[PDB]
Amino acid sequence: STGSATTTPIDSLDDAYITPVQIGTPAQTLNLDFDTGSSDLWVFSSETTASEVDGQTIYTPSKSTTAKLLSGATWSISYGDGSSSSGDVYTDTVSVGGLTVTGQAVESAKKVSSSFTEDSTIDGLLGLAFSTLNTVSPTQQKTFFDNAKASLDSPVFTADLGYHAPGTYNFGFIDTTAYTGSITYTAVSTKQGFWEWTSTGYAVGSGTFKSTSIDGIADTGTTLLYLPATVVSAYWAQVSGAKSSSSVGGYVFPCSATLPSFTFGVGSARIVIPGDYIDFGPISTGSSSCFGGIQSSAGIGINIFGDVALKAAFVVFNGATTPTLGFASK
């Protein structure tokens, strides 16, 4: 089997991407944030505290003839931005882009933190990291991809995120028309449960490539590119007036600037992030200070190849017995 679904930016900055997902019988379609940095499929629901729902579409398990309470199971997750959610668990039929999994754990939120409530465009998350990170207790549950894997034509999914435009998540096949040149594959460590890999270096604009190993994760659920402070300083030093602002929470730059590109290495290959992808717009409405799309990872504990980096590439998440990642230009 295969599946193919379009993923759409939630706003004009590509702060996140939503993909329609069919849950239950008859189908209830929710727009979920596909997140290769986590491993829970959770949704706003009829069980979510009413004061914490503000415009999201909810899953109502009582209206699904295929929903079954997973008795005793609870979940609770905290994300790297400080947001969180928790609740109980049903199993139900879940379809993405024509690919159907029966018995998928659908984690129904009883509580969500304010940032979820405040984002009316995201109805939940669909985790695509390794199932060892799934938070369901006492019986850990499998991701959608893990459940689908054996049925897929090939044990892979691909992320093709757009810049200020829709893109595609494919399951079970590699669309050879969606990228240019060849796909360069690189080793993955699953030891932390992430799609963790080692970039071979970077360049700023037209500058020379610096060969240096940068361990990090391919994370569709993180907006920006978070890299070591040395690398980030070298980038922003090329932008007149750019500075790190403690009050804003990262590097800012004059909105009048033209940003240089940023290149990262994948083995001997190179992925170029155009400068425009690094512009996240005014820090507040009407400001002439703009927020940078490349930020330091120094406070995180891990480097994160988020959407800023991934949307410059066609990315293969290869879930073969030994997982690997593939990157192609496009």
# chains A, B, ... in the order shown; residues from 1 in each chain; ligands from 1
>>> residues_around(residues="residue 116 (chain A)", least_positions_apart="4", cutoff="10 Å", atoms="only C-alpha atoms", output="PyMOL selection string")
chain A and resi 44+52-54+56+83-85+111-112+120-124
>>> residues_around(residues="residue 40 (chain A)", least_positions_apart="2", cutoff="7 Å", atoms="only C-alpha atoms", output="ChimeraX atom specification")
/A:38,42,126-127,134-135,143
>>> closest_residue(among="A:260, A:155, A:249, A:82", to="residue 172 (chain A)", atoms="only C-alpha atoms")
A:155
>>> atom_distance(atom1="CA of residue 146 (chain A)", atom2="CA of residue 303 (chain A)")
24.7 Å
>>> closest_residue(among="A:48, A:119, A:160, A:137", to="residue 76 (chain A)", atoms="only C-alpha atoms")
A:137
>>> residues_around(residues="region 317-320 of chain A", least_positions_apart="6", cutoff="12 Å", atoms="only C-alpha atoms", output="PyMOL selection string")
chain A and resi 36+128-131+145-150+152-160+169-174+183-190+194-197+217-220+310+326-327
>>> residues_around(residues="residue 275 (chain A)", least_positions_apart="2", cutoff="10 Å", atoms="only C-alpha atoms", output="MDAnalysis selection string")
chainID A and resid 204:205 258:262 272:273 277:279 293
>>> write_last_selection(atoms="N, CA and C atoms", output="short mmCIF file (atom, residue, chain, number, x, y, z; two decimals), in the first residue's frame")
data_model
loop_
_atom_site.label_atom_id
_atom_site.label_comp_id
_atom_site.auth_asym_id
_atom_site.auth_seq_id
_atom_site.Cartn_x
_atom_site.Cartn_y
_atom_site.Cartn_z
N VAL A 204 28.07 29.65 4.63
CA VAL A 204 27.23 30.84 4.74
C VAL A 204 27.32 31.58 3.41
N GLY A 205 26.18 31.79 2.76
CA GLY A 205 26.18 32.47 1.48
C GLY A 205 27.12 31.82 0.48
N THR A 258 18.80 41.85 3.11
CA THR A 258 18.70 40.69 2.23
C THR A 258 19.58 39.61 2.84
N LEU A 259 18.99 38.46 3.18
CA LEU A 259 19.71 37.44 3.92
C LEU A 259 20.51 36.55 2.99
N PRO A 260 21.70 36.12 3.42
CA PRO A 260 22.46 35.12 2.66
C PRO A 260 21.84 33.74 2.83
N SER A 261 22.16 32.87 1.88
CA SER A 261 21.76 31.49 1.99
C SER A 261 22.57 30.79 3.07
N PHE A 262 22.14 29.59 3.42
CA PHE A 262 22.87 28.73 4.34
C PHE A 262 22.89 27.33 3.76
N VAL A 272 21.06 23.64 -0.04
CA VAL A 272 21.12 25.09 0.07
C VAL A 272 19.77 25.63 0.52
N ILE A 273 19.76 26.31 1.67
CA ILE A 273 18.58 27.01 2.17
C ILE A 273 18.66 28.45 1.65
N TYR A 277 14.21 31.94 3.08
CA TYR A 277 13.61 30.95 3.98
C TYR A 277 13.95 31.25 5.44
N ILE A 278 14.94 32.10 5.68
CA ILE A 278 15.46 32.38 7.01
C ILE A 278 14.80 33.63 7.61
N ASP A 279 13.90 34.27 6.86
CA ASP A 279 13.19 35.46 7.32
C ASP A 279 11.86 35.06 7.95
N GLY A 293 15.52 32.84 11.20
CA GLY A 293 15.15 31.44 11.09
C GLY A 293 16.23 30.43 11.45
#
>>> atom_distance(atom1="CA of residue 238 (chain A)", atom2="CA of residue 256 (chain A)")
14.1 Å
>>> select_by_dssp(residues="region 78-322 of chain A", states="strand (DSSP E)", output="number ranges by chain")
A: 78, 84-96, 99-112, 124-127, 156-160, 167-171, 184-187, 196-204, 210-218, 225-227, 243-245, 250-254, 262-266, 269-273, 279-282, 289-292, 294-296, 303-305, 314-318
>>> select_by_dssp(residues="region 45-294 of chain A", states="helix (DSSP H, G or I)", output="ChimeraX atom specification")
/A:50-52,61-63,114-118,131-133,144-151,229-236,275-278
>>> residues_around(residues="residue 231 (chain A)", least_positions_apart="6", cutoff="12 Å", atoms="only C-alpha atoms", output="PyMOL selection string")
chain A and resi 201-204+209-214+225+237-238+262-264+294-298+303
>>> atom_distance(atom1="CA of residue 180 (chain A)", atom2="CA of residue 208 (chain A)")
23.2 Å
>>> residues_around(residues="residue 136 (chain A)", least_positions_apart="2", cutoff="12 Å", atoms="only C-alpha atoms", output="JSON, numbers by chain")
{"A": [39, 40, 41, 42, 70, 71, 72, 73, 74, 75, 76, 77, 86, 87, 88, 89, 90, 105, 106, 107, 108, 131, 132, 133, 134, 138, 139, 140, 141, 142, 143]}
>>> residues_around(residues="region 161-168 of chain A", least_positions_apart="5", cutoff="9 Å", atoms="only C-alpha atoms", output="ChimeraX atom specification")
/A:4-9,11-14,17,19,220,277,307-308,310-315
>>> decode(residues="region 97-164 of chain A", atoms="C-alpha atoms", output="mmCIF file, in the first residue's frame")
data_model
loop_
_atom_site.group_PDB
_atom_site.id
_atom_site.type_symbol
_atom_site.label_atom_id
_atom_site.label_comp_id
_atom_site.auth_asym_id
_atom_site.auth_seq_id
_atom_site.Cartn_x
_atom_site.Cartn_y
_atom_site.Cartn_z
ATOM 1 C CA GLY A 97 -3.814 10.184 2.054
ATOM 2 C CA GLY A 98 -5.563 6.891 1.283
ATOM 3 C CA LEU A 99 -3.387 4.719 3.566
ATOM 4 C CA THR A 100 -5.424 3.111 6.357
ATOM 5 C CA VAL A 101 -4.318 1.717 9.720
ATOM 6 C CA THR A 102 -6.848 -0.110 11.856
ATOM 7 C CA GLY A 103 -6.373 -0.182 15.614
ATOM 8 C CA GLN A 104 -4.262 2.976 15.728
ATOM 9 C CA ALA A 105 -3.860 4.539 19.166
ATOM 10 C CA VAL A 106 -5.627 7.910 19.042
ATOM 11 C CA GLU A 107 -4.713 9.873 22.155
ATOM 12 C CA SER A 108 -7.635 12.051 23.186
ATOM 13 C CA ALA A 109 -6.673 15.259 24.968
ATOM 14 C CA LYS A 110 -8.353 16.081 28.225
ATOM 15 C CA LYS A 111 -5.971 19.011 28.785
ATOM 16 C CA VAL A 112 -3.840 21.109 26.442
ATOM 17 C CA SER A 113 -1.549 24.023 27.238
ATOM 18 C CA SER A 114 -2.291 27.577 26.195
ATOM 19 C CA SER A 115 -0.193 27.567 23.027
ATOM 20 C CA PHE A 116 -2.289 24.714 21.614
ATOM 21 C CA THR A 117 -5.546 26.434 22.549
ATOM 22 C CA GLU A 118 -4.317 29.657 20.952
ATOM 23 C CA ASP A 119 -3.558 27.958 17.620
ATOM 24 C CA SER A 120 -6.946 27.316 16.061
ATOM 25 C CA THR A 121 -5.409 25.753 12.935
ATOM 26 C CA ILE A 122 -3.824 22.673 14.573
ATOM 27 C CA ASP A 123 -6.258 19.957 15.701
ATOM 28 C CA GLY A 124 -3.520 17.703 17.088
ATOM 29 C CA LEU A 125 -0.195 16.062 16.349
ATOM 30 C CA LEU A 126 0.752 12.927 14.428
ATOM 31 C CA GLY A 127 4.113 11.719 15.679
ATOM 32 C CA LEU A 128 6.581 10.148 13.258
ATOM 33 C CA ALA A 129 9.660 9.657 15.459
ATOM 34 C CA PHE A 130 10.426 6.188 16.814
ATOM 35 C CA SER A 131 7.767 4.456 18.891
ATOM 36 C CA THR A 132 10.154 4.187 21.856
ATOM 37 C CA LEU A 133 9.242 7.845 22.568
ATOM 38 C CA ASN A 134 5.485 7.215 22.710
ATOM 39 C CA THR A 135 4.133 8.379 26.076
ATOM 40 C CA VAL A 136 1.138 6.041 26.522
ATOM 41 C CA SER A 137 1.171 4.242 29.866
ATOM 42 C CA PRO A 138 1.152 1.468 30.993
ATOM 43 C CA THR A 139 1.275 -0.015 27.470
ATOM 44 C CA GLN A 140 3.368 2.025 25.057
ATOM 45 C CA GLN A 141 1.759 2.453 21.636
ATOM 46 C CA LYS A 142 3.073 2.467 18.078
ATOM 47 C CA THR A 143 3.151 5.396 15.685
ATOM 48 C CA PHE A 144 1.010 5.505 12.573
ATOM 49 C CA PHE A 145 4.099 4.800 10.460
ATOM 50 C CA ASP A 146 5.159 1.867 12.634
ATOM 51 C CA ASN A 147 1.686 0.342 12.352
ATOM 52 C CA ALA A 148 1.555 0.892 8.576
ATOM 53 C CA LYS A 149 5.132 -0.169 7.836
ATOM 54 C CA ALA A 150 4.586 -3.850 7.094
ATOM 55 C CA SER A 151 1.775 -3.079 4.632
ATOM 56 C CA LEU A 152 3.692 -0.400 2.756
ATOM 57 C CA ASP A 153 5.253 -1.103 -0.618
ATOM 58 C CA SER A 154 8.535 0.181 0.862
ATOM 59 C CA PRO A 155 9.092 0.945 4.589
ATOM 60 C CA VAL A 156 9.546 4.684 4.100
ATOM 61 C CA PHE A 157 7.846 8.027 4.283
ATOM 62 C CA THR A 158 8.944 11.277 2.675
ATOM 63 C CA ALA A 159 8.572 14.922 3.648
ATOM 64 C CA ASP A 160 8.426 17.517 0.874
ATOM 65 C CA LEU A 161 7.593 20.745 2.677
ATOM 66 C CA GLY A 162 6.900 23.903 0.698
ATOM 67 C CA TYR A 163 8.245 27.399 1.176
ATOM 68 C CA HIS A 164 5.170 29.607 1.559
#
